[PDB]
Amino acid sequence: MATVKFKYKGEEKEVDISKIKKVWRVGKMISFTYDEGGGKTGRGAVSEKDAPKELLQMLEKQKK
DNA sequence: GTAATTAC
DNA sequence: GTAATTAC
């Protein structure tokens, strides 16, 4: 699994792959939802080249 | 503006 | 309804 580093609203974030819920491709970017504790869902996206192999396996296994 | 999808 | 993400 590992982790994913991204930027969201002027803030640089890092998130555990195990906390990622939904993954999808939009053009050439990979967008996703993740669990940020409590009942809250977060959002994020990275460039294809920056996506860990584990995030890419979740995508292909999902693609929804 | 557009893409896919979401949180709020 | 809208703003948020990368790359044209």
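Basis for what follows: all heavy atoms, side chains included, without hydrogens, waters or symmetry-related copies. Letters A, B, ... are given to chains in the order of the sequence lines, protein chains preceding strands, and every chain is numbered from 1.
Ion pairing of A/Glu11 with A/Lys9 is absent here, as no side-chain N (NZ or NE/NH1/NH2) approaches a carboxylate O to less than 4.0 Å.
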Less than 3.5 Å apart, which donor and acceptor atoms pair up between the side chains of residues 28-37 of chain A and the rest of the protein, not counting sequence neighbours?
residue : atom : partner : partner atom : Å
A/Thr33 : OG1  : A/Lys22 : N            : 3.1
A/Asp35 : OD2  : A/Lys19 : NZ           : 3.0

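Side-chain contact between A/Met1 and A/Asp16 is absent, with no heavy atoms from C-beta onward closer than 4.5 Å. At a threshold of 4.5 Å between non-hydrogen side-chain atoms, the residues A/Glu12 and A/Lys5 count as touching.
A negative value of the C1'-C2'-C3'-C4' torsion places the sugar of C/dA3 in the southern pucker family.
Here the CD atom belonging to A/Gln62 is positioned 9.5 Å from the CD1 atom belonging to A/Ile20, to the nearest 0.5 angstrom. Between the NZ atom of A/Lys7 and the CG atom of A/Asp50 there is a distance of 9.5 Å, given to the nearest 0.5 Å. Distance check: A/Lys63 NZ to A/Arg25 CZ gives 8.5 Å after rounding to the nearest 0.5 Å. Between the CE atom in A/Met58 and the OG atom in A/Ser18 there is a gap of 9.0 Å [rounded to 0.5 Å].
More than 12 heavy atoms of other residues, nucleotides or ligands lie within 6.0 Å of NZ in A/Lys21, so this atom counts as buried by the packing criterion.
Remark: A/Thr3 pairs with A/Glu14 by the side-chain contact (heavy atoms from CB on, under 4.5 Å) rule, at least two apart or across chains.
Of all nucleotides in DNA chain B having an atom under 4.0 Å from a heavy atom of chain A, the first and last in 5' to 3' order are B/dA3 to B/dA7.
Looking at residues 33-42 of chain A, you'll see that no heavy atom sits under 4.0 Å from any atom of DNA chain C. Near-neighbour residues of DNA chain B inside residues 8-25 of chain A, defined by a heavy atom below 4.0 Å, number-ordered: A/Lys22, A/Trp24, A/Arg25. Contacts with DNA chain C (heavy atom under 4.0 Å) in residues 53-64 of chain A: none are found.
By the criterion of side-chain heavy atoms lying less than 4.5 angstrom apart, applied directly or through intervening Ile, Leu, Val, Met, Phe, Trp or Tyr residues, A/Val15 is grouped together with A/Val23 in one hydrophobic cluster. A single hydrophobic cluster is seen to contain both A/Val46 and A/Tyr8, as judged by linkage of ILVMFWY side chains at heavy-atom distances under 4.5 Å, directly or through other members.
For A/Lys49 and A/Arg43, each mapped to the nucleotide of DNA chain C holding its nearest heavy atom, the one lying further toward the 5' end belongs to A/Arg43.
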